[PDB]
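Two versions of one and the same chain are coming, encoded as structure tokens; call them structure 1 and structure 2.
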Structure 1
């Protein structure tokens, strides 16, 4: 029998895209998928075969939601400016106890009221949600709720703090200070969540507690097994995709008479809006003896492309990846999953938050290299390209991860868990 399954997520693209992927798996099993989100994303939600519900239509009168949503361009632009100038340690020092995302908590009241109302009216059999932190509605509504995590999952472990980008190789003296500061700023997240939960009269829980079941999307071969097991009830989905080798993608004519390998460059939609970022990256690449495909982003028309480069604002990344030799990425989890599923090595240039942890994971596991904005040079980037392209160890590690991701039956397992919880109200 076919279930009513309700998804929601934060406004941002990582969170929306993680739910779309799981929803596609469930739709294939015959379930009716609803997605409560924002009207800007209706088209993609409906194109995926889901039923769109606007969060904004279920708002309490005092909390219309849109008023408190964050200024995403302001944040990204500020993030770039700091990452360009400051080391991660300096970043955490300059932050002065202010957490990466605790500032978003206060403004999330409206989305909470809206979800309480949606769940009550639509009466799904189960809900899934991709947020940065737990919300009170997840503990008040009258159905099981599954948090979905797409960010780097180190936060699920009793280990080094998330968001620092610390390496497994950093000795005590190197990591001590940034890890103290990261833990100090986490106290602001907790204090902010206290107020939100108090407002809704719900007992406070950890920001990533899963009451019955949580799903984190991350490849098994990169997962933090050296930290033991993730927190109670969290289960790994290795990916929501299967490996595809046949593609519609064709080489742009512009690149036909140009030497070298084929390299894909994408900083993701948020970071790419800061045109200075792509300009800094691409300028030196005019002299790299290779062919580049560039995702130029929302402000793509003002990005200068050289003779060895072809760009478009809308690249189909999964169609392209099987045909390239290297992926220069911001380190978002979905991009990493897509790159490794296609068996391609990575150069990660992290921009914000958990991407630092992903970038360092790539380096630590020999799947590519991390390059940091704060010490960026054309010389360094060009060398990183030559090194990764010709490193037979890196290319073999990536081939091994790609092969394991095929072998996954984590999809079957996770689907079965979702369906069991929906039907039985318990696992």
Structure 2
């Protein structure tokens, strides 16, 4: 019996990519999938066979909605200046009580009204939402609503606070100060959401509450088993990667007959807007005796490439990763999971948000290194490349994690819970 299932997510290509994976799994089981998102993503959504609903067609006139992705460079460039000039402690100091994603909350009202009308009109059996924080509509719609989480899930446990990138080796003394500042900023977020929920007359809930079922995507071998069990109603899916239409990534002729290993570079869908960041990374790599393929980002046509490099604004990462020896990443979750699935070690240069946590996780479990912008130099990057390429131990740890991901059954249990909740309205 067919269910009607509606997905939505924030503007981030990463959050949408997460849900596409889930939707694919459900479409095979015979369900009708709908996706409410922005027009940039109509092509990939319909290509996967999901029905596309534009949020913009359902805006309230007084509360308009905007795809943030093309305007994101203002915000990205600020974060970059800050991250480049300050340690993560100093960053949290000079952040007053500001949470990393509070200004996002004020302007969420448009998306909220939209989702109310869309759920009313399409009368779905269940909804799923990949969002950074819960939203009033998820508690006003007739059907149940499953938050999906693709960011680092350390926030689902009682442990190091999220978004700080604390290590498991961090002594008692150095974490103490960061957790105070982070407890504080979590309270600023709670107060921002109160206004949002107040506006729609909905009892405030915790920012990452799962009423009945929550799904977080993250590799089981990287999950935080040492902190105990995740929060309630929260289930894990080890990975959620969409299938690629391309299967063979042909290498560019520019790089044929050039020495060394093949290395992929991407600072993601969002931070790659900052040309200063890419320039800072690539300039030293000109002298690295390897071949680089580079995602250059939306402003990539104004980024200089050297003889050992080839790139374009957007690359088929899932098709390419199998062919590389190393992946220099920003520590985004989807890139982390695609990278590990393909069996490749990582050098993570974290830019914002959950990336600090993922970066530290990669370092703590010996899956690569963490190299921060503040302590960044050509000499250090070039040496991290040589070190990770030649570290037998790291290369074996990554093979093991890969093997677990490629055979995981986490999907089977998750699907059941979705179907069950959709039909019974209870777990």
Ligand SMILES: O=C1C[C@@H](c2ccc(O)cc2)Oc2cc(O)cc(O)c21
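Numbering follows the first chain given and starts at 1. The term rigid core refers to the most C-alpha atoms you can superpose between the two forms while keeping them within 1.5 Å.
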Please state whether structure 1 or structure 2 is the form solved without this ligand.
1
With the core superposed, a Cα shift of 2 Å or more between the two structures singles out one residue among 167, 243, 233, 206. Which one is it?
243
If we fit on the core, is the Cα of residue 71 displaced 2 Å or more between the two structures?
yes
Provide the displacement, in Å, of the CA of residue 407 between the two structures, taking the core as the superposition reference.
2.1
